[PDB]
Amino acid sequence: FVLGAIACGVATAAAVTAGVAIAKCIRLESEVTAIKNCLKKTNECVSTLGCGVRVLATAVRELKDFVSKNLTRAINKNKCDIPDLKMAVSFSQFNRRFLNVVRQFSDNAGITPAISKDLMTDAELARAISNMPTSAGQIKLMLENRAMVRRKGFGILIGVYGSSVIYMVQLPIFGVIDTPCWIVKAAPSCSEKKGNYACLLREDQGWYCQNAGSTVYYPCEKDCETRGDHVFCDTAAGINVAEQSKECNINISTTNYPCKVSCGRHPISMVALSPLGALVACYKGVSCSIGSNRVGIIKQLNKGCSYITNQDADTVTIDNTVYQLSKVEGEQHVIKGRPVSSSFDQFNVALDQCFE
C-alpha cells in the first residue's frame, strides 16, 4: 500500500476507540457505584476500575450545594418571584458550568473535540496533570502547555444517574520529551522532454523522532503540531524505521537503504509549505507566483521545483490558491544537486526500481 495515503485519520480513530472502551467499562453498575462510593467523603479520588484502567475521580458539587443549602429553603411554598436578587444571580452563576457541559455534549453527540474550561477548570487540569504516570520534566512541560493539553484531550459522556452528571475526560500524557525531531516535506520532481514528463516523488514525508535509540516515523503530519521549537506528536500512528533511512535526506540513491519513492509520467503541480519556507512544484497547466503584501506580485515562478524561503516572499499562489509563508526565522540551506528526475508508473517502491 501507500503509507501517506492511508495513515491520516488513524490516530484519531485510535483515540476515540480507546476512550469509548474505557467509557463502556465505567458505565457498568459496579463501576459507577464504586466511583460514587469513592467520592462520598471527598471531592477527589484515584481508583483502578475492574478492567485495569486507573482513573482520577472528581466531584463538582457547587450547584448541588447551592440547591440544597439556599435555593430549596428559599422556595418553600413553591413561589419563585421572591425579591431576593442575590439568589437569582447566584443561581445563574452556579448553574452555568452545568449548562455549558450539556451544550458541549449535546452539540457533539456525547464526544467533545477538546477539553473546554467547563469540562475541566485550570485548577482541575493541573490536578490531573499532577497525577499522570510520568516524571517531573514532563509534568513541568505539560503545566506550561495547558492549551496544548486541552487541545489534544477530549471528553465522553458517561450518562445521567439521578441528579449526577457523570463524564470522563481523556488527557494526553506527554511521557517522552525533548528528543530530536525533524519534518520531511516533498513535491513531485519532474523532468520534461517531448511533452512527456518523468516524475519522482518521495514517499516518506512526515515527522521523525529519534526516541530511545530508535527512530519513529509519523506518516500523517497532522498527528504532529509545533509550538516554537517543540513538536507535539501523537504516537498512535507511529512506525519504527531503520536508522539508515535518514540517508534519503542527503543521498536518495544510497545503497544502504531502499528509499521509498513514487515515479510516474503524470505530474501534479502543488505547493508544499514547509516550516521555514515553501516547496513549489509548478508544471504546465497551472500558474504559480510569489508576492509581498506591500508591493503586490513579486514574480512568476519558472516551471519545475523552486524553493522559496519565507523571507524571499510573504505569499505564494498556485492558480487561485494563496498560501501564507511562515514568519519564523532560521537557518536555510540549499543542498545543491542534479535532480534525479532528469536521469530518467510505480508507487511506493525503492528508487533503484525506477531505473530498470
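Start at 1 and count along the sequence shown; that's the residue number.
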Count, per the entry, the deposited residues between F344 and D345 that are not modelled, and return the matching class: none, 1 to 3, 4 to 9, or 10 or more.
4 to 9
Determine, for stretches 91-99 and 192-200, which one has the higher mean CA B-factor as deposited.
192-200
Between 118-126 and 253-261, name whichever shows the higher mean Cα B factor according to the PDB entry.
253-261
In this crystal structure's PDB entry, the residue among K284, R227, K246, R151 with the greatest CA B factor is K284
Determine which member of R73, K185, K140, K86 has the highest CA B-factor, using the values in the deposited entry.
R73
Thinking about Cα B factors across the chain, which third does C25 belong to?
middle
When the modelled residues of the chain are sorted by Cα temperature factor, does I82 land in the lowest, middle or highest third?
middle
By the record's CA B-factor, is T58 among the lowest, middle or highest third of residues in the chain?
lowest
State the tercile, meaning the lowest, middle or highest third, of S269 with respect to the CA B-factors recorded for its chain.
highest
For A242, does the deposited CA B-factor place it in the lowest, middle or highest third of the chain?
middle
